[PDB]
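Down below is the structure, laid out as structure tokens.
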Amino acid sequence: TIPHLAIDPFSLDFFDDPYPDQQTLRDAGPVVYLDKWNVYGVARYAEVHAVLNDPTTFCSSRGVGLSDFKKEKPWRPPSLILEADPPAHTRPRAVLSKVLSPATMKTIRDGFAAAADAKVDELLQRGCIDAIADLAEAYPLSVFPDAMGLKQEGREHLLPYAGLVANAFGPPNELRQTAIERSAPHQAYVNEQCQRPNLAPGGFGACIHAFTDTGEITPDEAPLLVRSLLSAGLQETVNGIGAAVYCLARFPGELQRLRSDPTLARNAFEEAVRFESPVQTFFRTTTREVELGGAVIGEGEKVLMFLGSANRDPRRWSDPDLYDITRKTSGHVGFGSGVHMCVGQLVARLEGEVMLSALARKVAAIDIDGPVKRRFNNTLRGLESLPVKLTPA
Ligand code: HEM
Ligand SMILES: CC(C)(C)c1ccc(C(=O)O)cc1
Ligand SMILES: [Cl-]
Ligand SMILES: [Mg+2]
């Protein structure tokens, strides 16, 4: 009754162009079985949304990668938020929500915007730049480590550690094996920066450590909560900003609309997150037998959610394969949905908004002027290099 498919969603060919295979996955049925990895798959919006919003049945504490923590040891100690279920998830989640709060965003917004404007001004002096290394990577690196309270030394480990974490959610393929082989220096750096003395006053990390006396978390939980922000706090936003620049380069009519109304910056970024979904896929594990999309799934089964596919499902979206900066983007699952929905999304959206606002006000044209290079990662979609010429307004 459930269709079996041989598509490998973690193959290099799939990463190179996932969209035809994602249509095949959607159109085969609401629930498929992926014989390559012995997991269930859901690629339509409806089932992805349903799974995300039923955490009791589709749990996260057995891992949100392929590996089942009841069967195998996690490669690093489990995240106290991403890899926890309610109720243990609840109070650490509340702490991170209050650390990355609206009030915090108000404190840091003016500086984040000034740094975005300064970066675009600097790039316009060069003209021909790499929109990944010089913009999508450089701008978050110029604001987020400082906002964390990290020292200057060792920041070159941050993006490698993030890529390692994302690769480690995948199956035991070459991408994952090589990531773990290379992991030791990045992991050593990140774990050390999680200790209270290494996080500057007033930053996100210091605030986590200050939140250890309310009955929500204890002092020995704060290092791993800092680790969560150093796992997820940079590379995903880098990919989203790079995706937005890629979209504006490929769809010049949308850059023209954005220039005419820079208040579209926040939705232009949200639409880039829907369109390119930096986090492509994520797993749950069933805790009991469940009926989903007419299929009966037993206990202890891995369920692979295709977030990027859900964000391009024509059952949910009109013209899903168009980049439309005035689209009603509410409801996309690029940040997840439900109790685990990205706790850092205010930071991501702030960074993306103020960068796209700077581009909207300062740049007249964005022309690709060199070979575009994709980065392959088991979980993340993103570019390695995006040569562009920037024309000033
Ligand atoms: C465009 C950028 C980003 C994207 C696309 C993204 C995507 C996601 C997604 C899909 C989830 C849900 C995981 C799940 O349901 O299992 C998530 C959760 C999370 N994200 Fe983000 N994220 C981004 C930026 C950030 C930032 C800037 C931070 C930190 C400052 C962050 C920290 C986290 C954490 C800690 C969680 C776990 C929340 C929980 O389990 O309750 N992310 N993210
Ligand atoms: C952004 C993603 C969903 C990939 C993420 C979230 C949280 C963590 C953590 O370490 O808590 C790691 C990665
Ligand atoms: Cl680690
Ligand atoms: Mg090798």
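Nothing fancy with the numbering, it's 1 onward along the sequence. Indexing begins at 1, ligand by ligand and atom by atom, following the structure's order.
Taking every non-hydrogen atom of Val339 and a distance limit under 4.0 Å, the qualifying atoms of ligand 1 come out as 41 (O). Atom numbering of ligand 1 starts at 1 in the shown order; those under 4.0 Å from a heavy atom of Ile81 are 38 (C), 39 (C), 40 (O), 41 (O). The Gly334 neighbourhood of ligand 1 comprises atoms 5 (C), 7 (C), 10 (C), with distances under 4.0 Å to a heavy atom of that residue. Taking a cut-off of under 4.0 Å to the non-hydrogen atoms of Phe282, the atoms of ligand 1 that pass are 13 (C), 14 (C), 16 (O).
The side chain to side chain donor-acceptor pair (under 3.5 Å) analysis of residues 382-393, with sequence neighbours excluded, yields the pairs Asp130-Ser385.
On a distance-only criterion, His89 and ligand 1 share at least one N/O pair closer than 3.5 Å. Below 3.5 Å of separation, one finds no N or O of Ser228 facing any N or O of ligand 1. The shortest N/O to N/O separation between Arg93 and ligand 1 falls below 3.5 Å.
When the salt bridge (charged side-chain N to carboxylate O under 4.0 Å, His left out) test is applied to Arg109, the partners found at least two apart in sequence or on another chain are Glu353. Contacts of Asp117 classified as salt bridge (charged side-chain N to carboxylate O under 4.0 Å, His left out), with partners at least two apart in sequence or in another chain: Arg361.
Ligand 1 does not have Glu83 within reach: every non-hydrogen atom of the residue lies 4.0 Å or more from it.
Formation of a donor-acceptor pair under 3.5 Å by the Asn311 side chain with backbone atoms of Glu276 is not found in this model. Between the side chain of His209 and the backbone N or O of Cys194, at least one donor-acceptor pair lies under 3.5 Å. Judged by distance alone, the side chain of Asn267 and the main-chain N or O of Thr329 form no donor-acceptor pair under 3.5 Å.
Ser231 and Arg76 share a side-chain donor-acceptor pair at under 3.5 Å.
Here the protein contributes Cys342 SG as N, O or S atoms under 2.8 Å from atom 21 (Fe) of ligand 1.
Cluster membership check: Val347 shares its hydrophobic cluster with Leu82, using side-chain heavy-atom separations under 4.5 Å among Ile, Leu, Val, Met, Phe, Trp and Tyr.
To the nearest 0.5 angstrom, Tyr19 atom OH is 10.0 Å from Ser309 atom OG.
Around atom 40 (O) of ligand 1, the closest heavy atom drawn from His340, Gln280, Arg349 belongs to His340.
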Checklist entry - Going through the checks in order, is the side chain to side chain donor-acceptor pair (under 3.5 Å) test met by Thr107 and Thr104? => result CA-CA 5 Å; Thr107 294; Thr104 300; over 6 Å; no

Checklist entry - Can you list the steps and then say if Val32 with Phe306 is a side-chain contact (heavy atoms from CB on, under 4.5 Å)? => result CA-CA 12 Å; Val32 304; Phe306 292 83; 5.8 Å; no

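When non-hydrogen atoms are compared, ligand 1 lies under 4.0 Å from the side chain of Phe144 (C-beta onward) but not from its backbone. Neither the backbone nor the side chain of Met148 has any atom closer than 4.0 Å to an atom of ligand 1 (non-hydrogen atoms only).
Among protein heavy atoms, the minimum distance from atom 15 (O) of ligand 1 is reached at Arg284 NH2, 2.8 Å. The protein heavy atom nearest to atom 37 (C) of ligand 1 is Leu82 CD1, 4.1 Å.
Between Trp75 and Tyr161, the ring-plane angle classifies as tilted under the 30° and 60° cut-offs.
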